[PDB]
Amino acid sequence: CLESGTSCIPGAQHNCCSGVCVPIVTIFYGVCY
Numbered sequence: 001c002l003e004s005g006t007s008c009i010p011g012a013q014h015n016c017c018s019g020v021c022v023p024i025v026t027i028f029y030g031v032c033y
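Letter by letter, the sequence shown follows residues 1 to 33 in the authors' numbering.
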């Protein structure tokens, strides 16, 4: 899983450990919470 601070794509497969993807740039690019 993508750990806290690892980048994810909101709306896409955000395999974050918390599952939470925080949109940083926009809802198109973010980081795992």
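Think of the CB as a built atom: it goes at the ideal place given N, C-alpha and C, for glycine as much as any other residue.
C-beta atoms of residue i and residue j nearer than 8 Å
i	j	result
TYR29	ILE9	yes
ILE27	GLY5	no
Residue i versus the options, residue with shortest Cα-Cα distance
i	options	result
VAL22	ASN15, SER4, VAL31	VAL31
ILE24	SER7, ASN15, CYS1	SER7
Simplified DSSP state of residue i, which is helix, strand or coil
i	result
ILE24	strand
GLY11	coil
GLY5	coil
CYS16	strand
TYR29	strand
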